[PDB]
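Chemist: First, the structure itself, so that you have it in front of you.
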There are 2 protein chains.
Amino acid sequence: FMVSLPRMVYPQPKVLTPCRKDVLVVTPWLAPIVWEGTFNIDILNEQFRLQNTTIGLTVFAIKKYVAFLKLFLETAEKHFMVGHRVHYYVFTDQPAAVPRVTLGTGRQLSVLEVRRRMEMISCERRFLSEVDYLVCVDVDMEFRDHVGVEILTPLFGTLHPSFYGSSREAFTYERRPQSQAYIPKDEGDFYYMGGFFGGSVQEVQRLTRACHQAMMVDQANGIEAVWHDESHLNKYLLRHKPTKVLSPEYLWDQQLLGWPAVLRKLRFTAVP
Amino acid sequence: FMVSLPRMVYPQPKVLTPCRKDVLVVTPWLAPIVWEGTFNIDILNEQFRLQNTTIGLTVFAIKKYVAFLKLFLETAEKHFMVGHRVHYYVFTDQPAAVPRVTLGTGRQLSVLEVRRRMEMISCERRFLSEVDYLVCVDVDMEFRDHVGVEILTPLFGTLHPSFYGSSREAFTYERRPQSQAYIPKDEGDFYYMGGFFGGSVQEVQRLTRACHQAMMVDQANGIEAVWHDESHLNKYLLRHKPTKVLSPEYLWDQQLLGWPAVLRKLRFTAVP
Ligand SMILES: O=c1ccn([C@@H]2O[C@H](COP(=O)(O)OP(=O)(O)O)[C@@H](O)[C@H]2O)c(=O)[nH]1
Ligand SMILES: O=c1ccn([C@@H]2O[C@H](COP(=O)(O)OP(=O)(O)O)[C@@H](O)[C@H]2O)c(=O)[nH]1
Ligand SMILES: OC[C@H]1O[C@@H](O)[C@H](O)[C@@H](O)[C@H]1O
Ligand SMILES: OC[C@H]1O[C@@H](O)[C@H](O)[C@@H](O)[C@H]1O
C-alpha cells in the first residue's frame, strides 16, 4: 500500500515541450531510458522514501581489486542513494583488506568472504530478507555525481558506453550458435554493460540464476562466451526486457571517451 | 514468472534518434506518456500474451445512454485489445436494451443491473477473480483505431483533450479548499479525463474506493466538486502518480477539436 504524496511545488511538465529532444528517452517496450532532464528527483525521492526503500549494492573485490574499494565506497557515500537505506555487500578473498570507510546514517556494510559473480549473487535468502532492490556493479569505478532512486525498477540494464551510438551488427554479442549467449546479427535492442545491472531482488535472482545456468551449459559444451557474463546478461535482457534502461551517464570512461555534449552528467566512471 | 520472448526481427531502437521530438514521452516521475511512434506493439503483444492477460472493460449505460452501446461495443470488437482475452462489464438500468453484439473468440460480455460509478466499480471480488486489468470508460464514444496492451500498467490516466497544451492554472480542478478534491493553483501535473482510466484490479479498486470516500465526505459537508468524479480522480492522480499516461489520441473529440498534426491517430472519440 502506497500513501499519498504530500503537497509539492515544482515546474509543470508540459506535454508539448519534451525534456530531451536529442536522445531516445523511452524504449519501444515502454521502459524509460534514464537521462538527466527526464526526472524530478524530488518526486522520486518522496515516492521511494514513503515505501522505506532499502537498496543493496553488491561489489566484488578479489585479489588486487581490493585496492579500489576505498574510493568506490567513499564516493558511493557522497553520491549513491543518499537519504535512503543502503546495504553494501562486499564480496572478497581478503576480508582484512577491506578499508574502514565511514558511513552515513542508515547505511551498512557487510563483508562476505569468497574462495563466478552470477553464481555468488544467486546469497538468495539473505538478500530477500534484507533489501528491496539489488544493484550489482564493478569495483574499479567511482561515483562522480548523483546515482539515486531514478534507477530503481523491477529490472534494469545500463547502456555500454562504447556502443550506445552503434548499429546492432557492430555490437559484440556472442555470435556462435553453439553458445547459450548467441544473438543473431538481426537481433538486439542495445548492448548492455555487465558492470551495472539491478532490479528487485526477485528479478535479479532470476537473471543471475538464468545466466549462471547458461554459463554452466556452455562450460559443459566447451565454449566460453566472447565477453563472459556480459554476453549472457545481453542474451537475458534481449529475451526479458528491462523495465528501465540507464543511459551511459551511469557507466562512463572519461579517459577513453571524453565528455560528449549528450552527457550532461558523468555519474559513475572508470578509474584510470 | 515471465518466460523468455521468442526471437523477433524488428527495427533497432537508436538511442541518438528519438521516436517523437514534438511531445513529452515520459513524465518527471518516469511514467511513459503513450503516443504513436513510442511503442512496438509486436513486442508488447508478445509480452502480454505470454502472461495470458485478461482485460476487463467497464461501461455504464443508464437511461438514454443505452443507445450508445451498439457502436461502442461493435467498434471495441474491431479495435480494443484484439487478440487478448476481454471481459466487458456493462452496467445498466435496462438489461433488455443491451444490443446483441457478436464477439470475437476469447471475449465475453456480462450485463450488470444497477438501480455512482466509483462506488459501483469498487464488484471488487468479482473483478479480482476474473480479470488482470480494468479499463473504465464513458459509453458515448467509439473506437476508431488501435487501443491495446500499450495502455496496461498498474495505474493509468488519460490526458483530457481540452487541456493537454494548457498551463496548470487554467486546469478546471476543484479550487475550493472545503472540498476533498481541492488542488491549489501552483499544484498539478496534468488534467486527466474522467472518461478513461484504468490499471491493475488492485490499483483501480484503490482509486475508486478513495474517490468514493472523498465524494462521501464532500456530500456530508454539503459540497459537490466542480467536475464531480473527474475532480476527485484528478486529486487522486496528483497524490498517487500514474505509472503510464495516455496521450489525447486515446480520448478525443474531432467535432470540437479537429485533427491536429501532433495526433497521428485518433483512437477513441466522442460520438456527435
Ligand atoms: O582479479 C579480479 C578481476 C575481476 N574482479 C571483479 O570483476 C569485475 C569485472 O572485471 P573488470 O572490472 O576487470 O572487467 P573490465 O571492466 O576490465 O573489462 C571487477 O570490477 C571486479 O569488480 C575482481 O574483483 N578481481
Ligand atoms: O444519463 C446518464 C448520464 C451519464 N452516464 C454514464 O456516465 C458517463 C459520463 O457522463 P457523460 O458522458 O454524459 O459526461 P460528458 O462526457 O457529457 O461530460 C456517460 O458516458 C455514461 O457512460 C449514463 O450512463 N447515463
Ligand atoms: O565489447 C565489450 C567490451 O568492451 C570493453 O570496452 C570493456 O572493457 C569490456 O569489459 C567489454 O564490455
Ligand atoms: O473542464 C472539464 C470538462 O471539460 C469538458 O470538455 C467535458 O465535456 C466535461 O466532461 C469535463 O471534463
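Residue numbering restarts at 1 in every chain; chains get A, B, ... in the order shown in the C-alpha cells, and ligands count up from 1 in that same order.
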Taking 2 positions as the minimum chain separation for residues in the same chain, which residues sit within 7 Å of residue 113 of chain B when counting only C-alpha atoms? Answer as a PyMOL selection string.
Modeler: chain B and resi 91-93+95+111+115
Chemist: Taking N, CA and C atoms for each residue, export the selection above as a PDB file, in the first residue's frame.
Modeler:
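Output (out_30.pdb):
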ATOM      1  N   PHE B  91     -22.834  -1.978 -17.131  1.00  0.00           N
ATOM      2  CA  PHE B  91     -23.657  -1.622 -16.044  1.00  0.00           C
ATOM      3  C   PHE B  91     -24.839  -0.799 -16.522  1.00  0.00           C
ATOM      4  N   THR B  92     -26.067  -1.267 -16.293  1.00  0.00           N
ATOM      5  CA  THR B  92     -27.239  -0.617 -16.875  1.00  0.00           C
ATOM      6  C   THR B  92     -28.499  -0.782 -15.999  1.00  0.00           C
ATOM      7  N   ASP B  93     -29.364   0.206 -16.163  1.00  0.00           N
ATOM      8  CA  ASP B  93     -30.739   0.075 -15.617  1.00  0.00           C
ATOM      9  C   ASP B  93     -31.692  -0.605 -16.532  1.00  0.00           C
ATOM     10  N   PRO B  95     -31.370  -3.900 -18.610  1.00  0.00           N
ATOM     11  CA  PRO B  95     -30.700  -5.077 -19.206  1.00  0.00           C
ATOM     12  C   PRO B  95     -31.255  -5.482 -20.554  1.00  0.00           C
ATOM     13  N   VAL B 111     -23.813  -8.421 -18.323  1.00  0.00           N
ATOM     14  CA  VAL B 111     -24.720  -7.309 -18.080  1.00  0.00           C
ATOM     15  C   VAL B 111     -24.972  -7.257 -16.596  1.00  0.00           C
ATOM     16  N   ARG B 115     -29.440   0.119 -10.097  1.00  0.00           N
ATOM     17  CA  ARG B 115     -30.693   0.837  -9.750  1.00  0.00           C
ATOM     18  C   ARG B 115     -31.168   1.857 -10.776  1.00  0.00           C
TER      19      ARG B 115
END
Chemist: For chain B, list the residues within 6 Å of chain A, counting only C-alpha atoms, and write the list as number ranges by chain.
Modeler: B: 4-5, 12, 15-18, 21, 23-24, 28-29, 38-40, 189, 239-240
Chemist: Could you dump the residues just selected with N, CA, C and O atoms as a short mmCIF file (atom, residue, chain, number, x, y, z; two decimals), in the first residue's frame?
Modeler:
data_model
loop_
_atom_site.label_atom_id
_atom_site.label_comp_id
_atom_site.auth_asym_id
_atom_site.auth_seq_id
_atom_site.Cartn_x
_atom_site.Cartn_y
_atom_site.Cartn_z
N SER B 4 10.72 -16.46 -21.51
CA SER B 4 11.50 -15.74 -22.47
C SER B 4 10.63 -15.40 -23.67
O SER B 4 9.77 -16.22 -24.15
N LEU B 5 10.88 -14.24 -24.25
CA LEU B 5 10.33 -13.87 -25.54
C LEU B 5 10.96 -14.78 -26.57
O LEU B 5 12.14 -15.14 -26.50
N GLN B 12 15.96 -1.78 -35.03
CA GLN B 12 16.77 -1.42 -33.83
C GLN B 12 16.37 -0.08 -33.30
O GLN B 12 16.31 0.91 -34.05
N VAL B 15 19.36 5.12 -29.87
CA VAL B 15 19.47 5.98 -28.80
C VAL B 15 19.60 7.49 -29.12
O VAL B 15 19.08 8.33 -28.40
N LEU B 16 20.29 7.76 -30.24
CA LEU B 16 20.54 9.13 -30.68
C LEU B 16 19.57 9.63 -31.71
O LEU B 16 19.74 10.74 -32.23
N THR B 17 18.54 8.80 -31.99
CA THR B 17 17.32 9.25 -32.67
C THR B 17 16.03 9.01 -31.77
O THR B 17 15.54 7.85 -31.47
N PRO B 18 15.42 10.03 -31.30
CA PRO B 18 14.16 9.95 -30.51
C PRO B 18 13.06 9.50 -31.43
O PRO B 18 13.14 9.82 -32.62
N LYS B 21 10.03 13.86 -31.25
CA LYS B 21 10.64 15.12 -30.74
C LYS B 21 9.68 16.23 -30.43
O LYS B 21 10.10 17.32 -29.97
N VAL B 23 6.77 15.96 -28.65
CA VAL B 23 5.90 15.85 -27.49
C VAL B 23 6.76 15.19 -26.39
O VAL B 23 7.76 14.50 -26.64
N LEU B 24 6.30 15.42 -25.15
CA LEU B 24 6.87 14.78 -23.94
C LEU B 24 6.39 13.33 -23.95
O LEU B 24 5.15 13.06 -24.01
N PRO B 28 7.87 13.41 -15.40
CA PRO B 28 9.03 13.56 -14.48
C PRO B 28 9.14 12.51 -13.40
O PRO B 28 10.15 12.51 -12.66
N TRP B 29 8.14 11.64 -13.20
CA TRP B 29 8.27 10.50 -12.33
C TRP B 29 8.51 9.19 -13.11
O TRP B 29 8.35 8.12 -12.62
N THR B 38 5.95 5.64 -30.11
CA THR B 38 6.72 5.32 -28.91
C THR B 38 6.83 3.84 -28.62
O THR B 38 7.68 3.43 -27.86
N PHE B 39 5.95 3.01 -29.18
CA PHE B 39 5.92 1.59 -28.86
C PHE B 39 5.93 0.72 -30.06
O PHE B 39 5.33 1.08 -31.09
N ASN B 40 6.50 -0.47 -29.92
CA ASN B 40 6.45 -1.56 -30.89
C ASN B 40 5.40 -2.48 -30.32
O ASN B 40 5.61 -3.21 -29.36
N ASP B 189 0.03 18.15 -12.22
CA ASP B 189 0.88 17.73 -13.32
C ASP B 189 0.12 17.92 -14.66
O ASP B 189 0.58 18.54 -15.60
N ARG B 239 -1.80 12.88 -6.20
CA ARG B 239 -1.19 12.28 -5.00
C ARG B 239 -0.68 10.88 -5.08
O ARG B 239 0.10 10.47 -4.24
N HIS B 240 -1.11 10.17 -6.14
CA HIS B 240 -0.72 8.82 -6.49
C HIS B 240 -0.40 8.79 -7.97
O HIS B 240 -1.32 8.71 -8.79
#
Chemist: Smallest atom-to-atom distance to ligand 1: which of A:97, A:256, A:193, A:245, using only C-alpha atoms and all ligand atoms?
Modeler: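 Counting only C-alpha atoms and all ligand atoms, the residue closest to ligand 1 is A:193.
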Chemist: Enumerate residues in contact with ligand 4: an atom-to-atom distance of at most 10 Å, counting only C-alpha atoms and all ligand atoms. Format the result as number ranges by chain.
Modeler: B: 160-163, 170-173, 191-195, 226-231, 253, 256, 270
Chemist: Any residue with an atom at most 7 Å from ligand 1 counts, using only C-alpha atoms and all ligand atoms. Which are they? Put them as JSON, numbers by chain.
Modeler: {"A": [59, 60, 61, 62, 63, 64, 65, 137, 138, 139, 140, 195]}
Chemist: Do you know which residues are at most 12 Å from residue 216 of chain B counting only C-alpha atoms, after dropping those on the same chain fewer than 3 positions away, and could you put them as number ranges by chain?
Modeler: B: 116, 118-119, 179-181, 209-213, 219-225, 228-229, 232
Chemist: Using only N, CA, C and O atoms, please write the residues we just selected to a file, as a short mmCIF file (atom, residue, chain, number, x, y, z; two decimals), in the first residue's frame.
Modeler:
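File produced: part16.cif:
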data_model
loop_
_atom_site.label_atom_id
_atom_site.label_comp_id
_atom_site.auth_asym_id
_atom_site.auth_seq_id
_atom_site.Cartn_x
_atom_site.Cartn_y
_atom_site.Cartn_z
N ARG B 116 -21.58 7.64 -8.01
CA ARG B 116 -22.25 6.45 -8.52
C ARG B 116 -21.22 5.43 -9.19
O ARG B 116 -21.05 4.28 -8.72
N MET B 118 -17.88 5.28 -9.32
CA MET B 118 -16.76 4.91 -8.42
C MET B 118 -17.18 3.93 -7.37
O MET B 118 -16.54 2.94 -7.14
N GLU B 119 -18.37 4.15 -6.80
CA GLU B 119 -18.94 3.21 -5.85
C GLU B 119 -19.15 1.85 -6.47
O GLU B 119 -18.81 0.79 -5.86
N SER B 179 -13.51 21.37 -0.31
CA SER B 179 -13.69 20.05 -0.97
C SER B 179 -12.45 19.18 -0.80
O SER B 179 -11.32 19.64 -0.94
N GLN B 180 -12.73 17.88 -0.61
CA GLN B 180 -11.66 16.87 -0.66
C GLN B 180 -10.89 16.90 -1.97
O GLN B 180 -9.75 16.41 -1.99
N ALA B 181 -11.49 17.36 -3.06
CA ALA B 181 -10.87 17.34 -4.38
C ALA B 181 -10.01 18.58 -4.62
O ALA B 181 -9.40 18.72 -5.68
N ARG B 209 -12.20 3.36 -4.54
CA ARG B 209 -12.51 3.41 -3.12
C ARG B 209 -12.16 4.75 -2.60
O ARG B 209 -13.01 5.41 -1.94
N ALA B 210 -10.98 5.30 -2.85
CA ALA B 210 -10.56 6.57 -2.36
C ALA B 210 -11.44 7.67 -2.89
O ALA B 210 -11.84 8.62 -2.15
N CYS B 211 -11.77 7.65 -4.17
CA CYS B 211 -12.62 8.71 -4.72
C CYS B 211 -14.02 8.63 -4.11
O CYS B 211 -14.65 9.66 -3.90
N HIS B 212 -14.57 7.45 -3.95
CA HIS B 212 -15.91 7.30 -3.41
C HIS B 212 -15.88 7.81 -2.01
O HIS B 212 -16.79 8.55 -1.63
N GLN B 213 -14.93 7.48 -1.18
CA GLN B 213 -14.81 8.01 0.20
C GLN B 213 -14.69 9.50 0.19
O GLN B 213 -15.39 10.20 1.02
N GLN B 219 -20.16 15.20 0.25
CA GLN B 219 -21.64 15.18 0.37
C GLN B 219 -22.04 15.56 1.78
O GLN B 219 -22.96 16.37 1.99
N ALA B 220 -21.38 14.97 2.75
CA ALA B 220 -21.68 15.24 4.18
C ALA B 220 -21.41 16.65 4.52
O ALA B 220 -22.08 17.18 5.41
N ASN B 221 -20.48 17.28 3.83
CA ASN B 221 -20.09 18.68 4.05
C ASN B 221 -20.88 19.68 3.17
O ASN B 221 -20.54 20.86 3.10
N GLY B 222 -21.87 19.18 2.45
CA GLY B 222 -22.64 19.94 1.51
C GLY B 222 -21.91 20.60 0.37
O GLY B 222 -22.21 21.73 0.03
N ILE B 223 -20.92 19.90 -0.23
CA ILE B 223 -20.16 20.49 -1.33
C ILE B 223 -20.10 19.40 -2.41
O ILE B 223 -20.07 18.23 -2.09
N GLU B 224 -20.23 19.82 -3.67
CA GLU B 224 -20.14 18.91 -4.85
C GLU B 224 -19.05 19.46 -5.75
O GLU B 224 -19.08 20.60 -6.18
N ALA B 225 -18.01 18.65 -5.99
CA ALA B 225 -16.94 19.11 -6.78
C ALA B 225 -17.34 19.57 -8.19
O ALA B 225 -18.24 19.00 -8.83
N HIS B 228 -17.26 16.80 -10.43
CA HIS B 228 -17.77 15.52 -9.93
C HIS B 228 -16.67 14.45 -9.78
O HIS B 228 -15.63 14.80 -9.26
N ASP B 229 -16.87 13.23 -10.22
CA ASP B 229 -15.83 12.23 -10.04
C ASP B 229 -14.55 12.61 -10.73
O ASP B 229 -13.48 12.24 -10.20
N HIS B 232 -12.23 14.45 -8.34
CA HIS B 232 -11.66 13.53 -7.40
C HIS B 232 -10.59 12.63 -8.02
O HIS B 232 -9.54 12.37 -7.39
#
Chemist: Mind listing the helix (DSSP H, G or I) residues of segment 21-147 of chain A, per DSSP on the backbone, as a ChimeraX atom specification?
Modeler: /A:41-50,63-79,95-97,117-121,124-130
Chemist: As a compact mmCIF listing (two decimals) with N, CA and C atoms, in the first residue's frame, please: every residue in segment 39-256 of chain B that DSSP puts in strand (DSSP E or B).
Modeler:
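Written output follows (result.txt):
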# COMPACT_ATOMS: atom_id res chain seq x y z
N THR B 54 -5.86 -10.94 -19.20
CA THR B 54 -7.30 -10.70 -19.39
C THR B 54 -7.59 -9.25 -19.03
N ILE B 55 -8.26 -8.48 -19.88
CA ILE B 55 -8.65 -7.11 -19.66
C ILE B 55 -10.12 -7.00 -19.45
N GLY B 56 -10.53 -6.41 -18.38
CA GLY B 56 -11.93 -6.08 -18.19
C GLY B 56 -12.18 -4.65 -18.64
N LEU B 57 -13.31 -4.35 -19.25
CA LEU B 57 -13.70 -3.05 -19.72
C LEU B 57 -15.03 -2.72 -19.12
N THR B 58 -15.13 -1.71 -18.30
CA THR B 58 -16.35 -1.32 -17.67
C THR B 58 -16.94 -0.16 -18.40
N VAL B 59 -18.29 -0.15 -18.58
CA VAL B 59 -19.04 0.94 -19.18
C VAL B 59 -20.39 1.01 -18.53
N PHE B 60 -20.86 2.22 -18.30
CA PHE B 60 -22.18 2.46 -17.70
C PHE B 60 -23.07 3.04 -18.79
N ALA B 61 -24.29 2.46 -18.88
CA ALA B 61 -25.26 2.90 -19.85
C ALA B 61 -26.62 2.98 -19.18
N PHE B 80 -10.26 -2.83 -29.73
CA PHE B 80 -9.83 -2.87 -28.31
C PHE B 80 -9.24 -4.19 -27.94
N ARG B 85 -7.62 -11.69 -24.20
CA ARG B 85 -8.85 -12.03 -23.55
C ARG B 85 -9.48 -10.75 -23.00
N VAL B 86 -10.76 -10.52 -23.26
CA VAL B 86 -11.52 -9.32 -22.90
C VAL B 86 -12.78 -9.72 -22.22
N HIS B 87 -13.14 -9.07 -21.14
CA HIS B 87 -14.43 -9.21 -20.48
C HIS B 87 -15.06 -7.89 -20.39
N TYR B 88 -16.16 -7.62 -21.07
CA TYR B 88 -16.88 -6.43 -20.97
C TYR B 88 -17.85 -6.50 -19.80
N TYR B 89 -17.98 -5.43 -19.00
CA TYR B 89 -18.95 -5.34 -17.94
C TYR B 89 -19.79 -4.16 -18.25
N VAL B 90 -21.06 -4.40 -18.61
CA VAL B 90 -21.98 -3.35 -18.93
C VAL B 90 -22.93 -3.12 -17.80
N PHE B 91 -22.83 -1.98 -17.13
CA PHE B 91 -23.66 -1.62 -16.04
C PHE B 91 -24.84 -0.80 -16.52
N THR B 92 -26.07 -1.27 -16.29
CA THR B 92 -27.24 -0.62 -16.87
C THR B 92 -28.50 -0.78 -16.00
N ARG B 107 -13.59 -13.49 -25.85
CA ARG B 107 -14.21 -12.23 -25.44
C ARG B 107 -15.59 -12.52 -24.91
N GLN B 108 -15.94 -11.92 -23.80
CA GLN B 108 -17.22 -12.13 -23.16
C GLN B 108 -17.84 -10.90 -22.69
N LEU B 109 -19.12 -10.87 -22.45
CA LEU B 109 -19.83 -9.70 -22.02
C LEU B 109 -20.75 -10.07 -20.89
N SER B 110 -20.77 -9.35 -19.81
CA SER B 110 -21.67 -9.55 -18.66
C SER B 110 -22.50 -8.31 -18.50
N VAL B 111 -23.81 -8.42 -18.32
CA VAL B 111 -24.72 -7.31 -18.08
C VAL B 111 -24.97 -7.26 -16.60
N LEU B 112 -24.69 -6.16 -15.96
CA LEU B 112 -24.88 -5.97 -14.52
C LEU B 112 -25.90 -4.89 -14.33
N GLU B 113 -27.05 -5.23 -13.70
CA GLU B 113 -28.08 -4.30 -13.46
C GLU B 113 -27.81 -3.48 -12.28
N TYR B 133 -6.47 -6.62 -15.47
CA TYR B 133 -6.53 -5.17 -15.59
C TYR B 133 -7.95 -4.76 -15.75
N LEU B 134 -8.30 -3.62 -15.27
CA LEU B 134 -9.58 -2.93 -15.52
C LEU B 134 -9.42 -1.66 -16.27
N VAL B 135 -10.21 -1.40 -17.26
CA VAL B 135 -10.26 -0.19 -18.08
C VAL B 135 -11.63 0.40 -17.90
N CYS B 136 -11.77 1.64 -17.56
CA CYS B 136 -13.06 2.21 -17.15
C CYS B 136 -13.32 3.42 -17.99
N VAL B 137 -14.31 3.35 -18.89
CA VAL B 137 -14.59 4.33 -19.91
C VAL B 137 -16.02 4.80 -19.99
N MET B 141 -19.07 7.05 -26.90
CA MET B 141 -17.77 7.02 -27.55
C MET B 141 -17.69 5.92 -28.58
N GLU B 142 -16.69 5.96 -29.42
CA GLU B 142 -16.41 4.92 -30.38
C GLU B 142 -14.93 4.71 -30.55
N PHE B 143 -14.54 3.51 -30.78
CA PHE B 143 -13.13 3.20 -31.19
C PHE B 143 -12.99 3.40 -32.64
N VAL B 147 -6.53 0.45 -29.73
CA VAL B 147 -6.32 0.66 -28.32
C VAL B 147 -5.96 -0.71 -27.76
N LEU B 155 -1.40 1.61 -12.92
CA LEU B 155 -2.31 2.71 -12.81
C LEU B 155 -2.15 3.70 -13.92
N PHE B 156 -3.19 4.00 -14.69
CA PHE B 156 -3.07 4.99 -15.77
C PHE B 156 -4.23 5.98 -15.72
N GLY B 157 -3.86 7.20 -16.18
CA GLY B 157 -4.86 8.21 -16.52
C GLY B 157 -4.60 8.64 -17.94
N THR B 158 -5.57 9.46 -18.46
CA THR B 158 -5.58 9.89 -19.87
C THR B 158 -5.63 11.44 -19.86
N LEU B 159 -4.76 12.00 -20.70
CA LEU B 159 -4.84 13.47 -20.85
C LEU B 159 -6.12 13.98 -21.42
N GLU B 174 -10.98 21.25 -8.98
CA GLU B 174 -11.73 21.86 -7.84
C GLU B 174 -10.82 22.82 -7.10
N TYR B 182 -9.85 19.45 -3.62
CA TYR B 182 -9.15 20.70 -3.84
C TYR B 182 -7.69 20.55 -4.31
N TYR B 192 -6.50 15.18 -16.09
CA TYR B 192 -6.87 13.82 -16.58
C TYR B 192 -8.35 13.81 -16.83
N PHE B 196 -11.70 7.90 -19.04
CA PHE B 196 -10.74 6.81 -19.47
C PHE B 196 -9.63 6.70 -18.46
N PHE B 197 -9.75 5.75 -17.53
CA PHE B 197 -8.69 5.45 -16.56
C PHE B 197 -8.64 3.95 -16.34
N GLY B 198 -7.62 3.45 -15.70
CA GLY B 198 -7.54 2.01 -15.51
C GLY B 198 -6.29 1.62 -14.84
N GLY B 199 -6.01 0.34 -14.88
CA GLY B 199 -4.92 -0.21 -14.10
C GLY B 199 -5.06 -1.63 -13.76
N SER B 200 -4.24 -2.12 -12.89
CA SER B 200 -4.47 -3.45 -12.32
C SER B 200 -5.73 -3.36 -11.49
N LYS B 244 1.55 4.95 -16.16
CA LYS B 244 1.54 5.45 -17.57
C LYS B 244 0.52 6.48 -17.66
N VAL B 245 0.70 7.40 -18.62
CA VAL B 245 -0.24 8.43 -19.01
C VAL B 245 -0.58 8.25 -20.45
N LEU B 246 -1.88 8.21 -20.78
CA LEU B 246 -2.24 8.08 -22.20
C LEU B 246 -2.39 9.50 -22.83
N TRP B 252 -10.57 11.74 -27.56
CA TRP B 252 -10.58 12.92 -28.50
C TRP B 252 -11.97 13.23 -28.88
Chemist: Figure out the distance between atom CA of residue 267 of chain A and atom CA of residue 249 of chain A, please, to one decimal in Å.
Modeler: 5.5 Å
Chemist: Can you work out the spacing between atom CA of residue 149 of chain A and atom CA of residue 128 of chain A in Å, to one decimal?
Modeler: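 Taking atom CA of residue 149 of chain A and atom CA of residue 128 of chain A, their separation equals 18.8 Å.
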Chemist: Could you check how far atom CA of residue 130 of chain A sits from atom CA of residue 102 of chain A, in Å to one decimal?
Modeler: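 Atom CA of residue 102 of chain A lies 20.8 Å from atom CA of residue 130 of chain A.
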